[PDB]
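# Examination of the molecular architecture
Listed here are the chains, written in short residue letters.
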Number of protein chains: 2
Amino acid sequence: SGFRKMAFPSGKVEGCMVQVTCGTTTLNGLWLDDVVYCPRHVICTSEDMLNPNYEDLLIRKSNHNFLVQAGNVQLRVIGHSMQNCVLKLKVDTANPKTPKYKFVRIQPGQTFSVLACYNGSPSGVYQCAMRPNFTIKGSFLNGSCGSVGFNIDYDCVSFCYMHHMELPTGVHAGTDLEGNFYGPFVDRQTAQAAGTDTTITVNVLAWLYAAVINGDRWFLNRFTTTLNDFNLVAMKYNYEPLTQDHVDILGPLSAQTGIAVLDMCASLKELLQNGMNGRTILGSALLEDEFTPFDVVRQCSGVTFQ
Amino acid sequence: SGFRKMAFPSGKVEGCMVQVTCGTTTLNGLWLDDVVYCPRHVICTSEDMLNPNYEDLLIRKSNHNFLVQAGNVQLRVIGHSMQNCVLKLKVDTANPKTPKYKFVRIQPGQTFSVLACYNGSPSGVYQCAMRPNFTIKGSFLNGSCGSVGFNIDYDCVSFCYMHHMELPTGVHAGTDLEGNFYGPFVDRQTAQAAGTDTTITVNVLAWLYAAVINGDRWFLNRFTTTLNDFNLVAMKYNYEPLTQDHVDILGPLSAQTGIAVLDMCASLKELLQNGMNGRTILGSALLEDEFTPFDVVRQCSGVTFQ
Ligand SMILES: *[C@@H](O)[C@H](C[C@@H]1CCCNC1=O)NC(=O)[C@H](CC1CCCCC1)NC(=O)[C@@H](NC(=O)OCc1ccccc1)[C@@H](C)OC(C)(C)C
Ligand SMILES: *[C@@H](O)[C@H](C[C@@H]1CCCNC1=O)NC(=O)[C@H](CC1CCCCC1)NC(=O)[C@@H](NC(=O)OCc1ccccc1)[C@@H](C)OC(C)(C)C
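Conventions used here
- Throughout, a per-chain count from 1 in the order the sequence is written supplies the residue numbers; the entry may number residues differently, and those without coordinates are omitted.
- Here every chain gets a letter starting at A, and every ligand a number starting at 1, in the order they are written.
- Side-chain measures were taken over the full set of non-hydrogen atoms in the model, leaving aside hydrogen atoms and water.
- Residues with missing side-chain atoms are left out of burial classes, side-chain pairs and their counts.
- Put simply, DSSP marks the helices as runs of H or I at least four residues long and the strands as runs of E at least two long, and each gets a number from the N terminus on.
- In what follows, a contact means two residues having at least one pair of non-hydrogen atoms within 4.5 Å.
- The rule for a residue being near a molecule or strand is that one of its heavy atoms must lie within 4 Å of it.
- Side-chain atoms alone can form a polar contact between residues adjacent in sequence; in general such a contact is a pair of N or O atoms within 3.5 Å, and within protein one must be able to donate a hydrogen while the other accepts it.
- Reported accessibility uses the Shrake-Rupley method at a 1.4 Å probe radius. Residues are deemed covered only where the shown protein chains occlude them.
- Classification used: nonpolar for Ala, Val, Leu, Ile, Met, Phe, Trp, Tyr, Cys and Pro, charged for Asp, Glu, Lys and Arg, polar for all others including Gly.
- For the domains described, the bounds stem from an automatic or database domain assignment.
- If DSSP finds at least two bridges between two strands, the strands pair.
- Ring pairs are drawn from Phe, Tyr and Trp, using the six-membered ring of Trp, whenever the two centres fall within 6.5 Å, and their geometry is named by plane angle: stacked under 30 degrees, edge-to-face over 60, tilted for the rest.
- Burial status follows relative accessibility: with a 1.4 Å probe on protein chains alone, a residue under 20% of its type maximum counts as buried, one over 50% as exposed, and anything between as partly exposed.

In the PDB archive, X-ray crystallography is given as the structure determination method for this entry, at a resolution of 2.50 Å.

Next comes the structure, spelled out in structure tokens:
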């Protein structure tokens, strides 16, 4: 019993974070085998963030310009190269704590965990999702860029996010580990905004199913509706359309609970259309959307890793 | 910018969790130097949870009844003993990954992090507080007992909680690491309940200060009130009294923000007395109480560990 925002154990990823310094800049990097990864605006100084040519600034630097410290031990760079918006520094030592790992690029609505870092030292770990506007509501301060996002699956570490920048509204933008940005953002200090966001409808239903598994139940009715008659009302409250494929993924949830998938839709239909009258689902007073169907089953049914 | 429920990196504690089996029972244990810790109702079978005499059941067992596995490696017990409600099994190997560590017993209103475990394998990590009724709203399933709660402070690991049982309402009860229960609960399967809870008033003000640091500001007024005139209204909404000592601990928050401590009290006074009219503080629609003044400053100002 109970339902919490839960994050994967962060031990395997702490064994990788290091510090990278060049000029007057210092940020976090990720050390795997004999390569350290970090954002490229670490070759930028404060004059190089208007509209820089990174290719031409990287021909200026030499290998000994990059200070890499892992613990109170200095790593020696021997080569360097550029892949999109990330930078790769080849060092002469291999990380003995390198886990089974794997770069993947995620799709909006999926969730991951974030280990925030400063000066190569982990500070804390929390759970996020990629919003439909391709940003993330993180907790980040100065020096945080270089932190990664990641999921664990049995024992493999799927790295999916490197952090780069905060936006005027306070949400956040970064890349996948192959250096490509999530969203239409670029790494030059000009004007940018996020674009209009929507609520992740499939996740909302998954949390509502979690509720019934835990005891809560004042929200189910006897009505049903059709898949098109749902989207008509979802349209208006700025939710995303729900698709036939989303329906299937909710099969084992509907199964174990007894509540048909289209039945729970007609329940959510009223909640949007009447508010909550001051009562709470799973401790919350809002309709919460940062829980996938995966997250519900791994937490309500007992799945660990190794 | 941004404000999230954050948990300490769990790496140092994953190096300790093991599995303990005896009879038909299996649960988690904590391995430090040459000692493994676990709850004593692991010598209990299913017949031994009505009203057992543990002292007299422990004279029955022999050292080879306790299977201890750390990884796919078997630990050999050589001795065993009882300290209140926890059980200590001395094994012939010392844990090489034993961190700087330290047992402490916490006070209601303080927060800690929990690494949930099953079969000696970590599953996930989240943030809790000790409620004023001495229980905790965790996320726990079968096999979870043996998980610990802990804070990190620079590089020392202060272990403060071992998990034992769920209560009819679904909150949770356990002990400190020296085996003493938080609360008036006992480890025998009879009737027990939690008692009436209150809201943690000092934490509510600390989260409200976090809000102002982040931009939110529609809740401050020009009124003030007195410390006694606050408790009069706190009394009625089932909040805890606020004391002169609590006031001091809010000094650096009030400082950096400019809002006097008694000024924020008069602001909270209205919020209780008018509701929120459908607007949200730090993404939330409720008044949130699981953030201490410590938690706010370490997150809003950049503190890590090593
Ligand atoms: C990594 O250490 C660091 C983290 C930032 C620091 C402030 C709080 N949160 C963070 O995540 N990232 C940076 O230092 C960014 C610098 C790069 C410059 C070249 C490539 C892009 C990022 N700085 C930022 O994150 C800034 N954001 C930004 O550039 O916004 C785009 C913009 C600019 C002007 C007008 C409109 C939009 C932040 C710190 O500055 C703002 C304006 C967001 C306060
Ligand atoms: C540790 O593996 C395990 C975890 C439990 C399992 C269910 C979900 N959540 C959990 O945390 N703990 C136990 O197995 C407990 C057994 C011990 C028995 C002797 C010493 C006390 C605990 N079991 C429980 O946690 C049970 N709780 C309980 O005993 O409640 C007290 C009570 C009993 C009868 C009437 C009133 C009060 C749970 C599983 O059973 C309930 C009744 C809560 C469903």
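## Digging into the overall build of chain A
Looking only at helices and strands, chain A features 8 helices and 13 strands. The dimensions of chain A, computed from C-alpha atoms along their principal axes, are 70 × 45 × 30 Å. Once local pairs closer than 6 in sequence are excluded, the contacts in chain A between residues at least 24 apart make up 65%.

## A few points about the site of ligand 1
Residues and elements named next belong to chain A. Close to ligand 1 lie 20 residues; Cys145, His163, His164, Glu166 and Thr190 are nearest. Here an oxygen atom of ligand 1 sits 3.2 Å away from a polar atom, N or O, in the main chain of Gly143. Here a nitrogen atom of ligand 1 sits 3.0 Å away from a polar atom, N or O, in the main chain of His164. Within the complex, the protein chains bury 74% of what would otherwise be the 840 Å² of accessible surface of ligand 1. In terms of residues, the shell around ligand 1 owes the most to one element, strand 12 (residues 156–166), which gives 4 residues. When grouped by side-chain class, the residues that make up the shell around ligand 1 number 7 nonpolar, 10 polar and 3 charged.

## Some points on the side chain of B:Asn203
Residues and elements named next belong to chain B. Checked against the element boundaries, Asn203 lands in helix 3 (residues 201–214). Here the side chain of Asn203 touches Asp289 through a polar contact of 3.1 Å, landing on its backbone oxygen. Residue contacts for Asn203: discarding those within four places in its chain leaves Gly109, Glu288, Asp289, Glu290, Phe291, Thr292 and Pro293.

## Quick word on the site of ligand 2
The environment of ligand 2 is made up of 20 residues, and the closest members are B:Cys145, B:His163, B:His164, B:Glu166 and B:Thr190. Note that a nitrogen atom of ligand 2 is positioned 3.0 Å from one of the backbone N or O atoms of B:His164.

## A short note on the domain arrangement of chain A
All names here are of chain A. Domain assignment breaks chain A into domain 1 (1–14 + 100–197), domain 2 (15–99) and domain 3 (198–301). Measuring from the centre of the C-alpha atoms in domain 1 to the corresponding centre in domain 2 gives 19 Å. At the junction of the two partners, domain 1 supplies 33 residues and domain 2 supplies 27 residues. Residue assignment for the side of domain 1 that touches domain 2 shows that the elements contributing at least two residues are helix 1 (11–14), strand 8 (101–103), strand 9 (111–118) and strand 12. Top contributing element to the side of domain 1 that touches domain 2 by residue count: strand 12, with 5 residues. Of the residues assigned to the side of domain 1 that touches domain 2, the class counts are 12 nonpolar, 14 polar and 7 charged.

## Side note on the sheet that holds strand 4 (residues 67–69) of chain B
For sheets, the rule is that strands pair by backbone hydrogen bonds, running either parallel or antiparallel. If you walk across this open sheet you meet the 7 strands as 5-4-1-2-3-7-6 (chain B), and the pairing is antiparallel. Only two strands of the sheet have a single partner each, and these edge strands are strand 5 (74–75) and strand 6 (77–83) of chain B.

## Notes on the packing of aromatic side chains
All names here are of chain B. This structure, assessed with the given rule, holds 20 aromatic pairs over all chains. Between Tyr37 and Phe103, the ring centres sit 5.5 Å apart and the planes meet at 80°, which makes this aromatic pair edge-to-face. With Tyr37 in strand 3 (residues 35–39) and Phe103 in strand 8 (residues 101–103), this pair connects stretches of sequence that are 66 residues apart. For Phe103, a relative accessible area of 33% gives the class partly exposed. Relative to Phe219, the ring of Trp218 lies with its centre 6.0 Å away and its plane at 75°, an arrangement referred to as edge-to-face.

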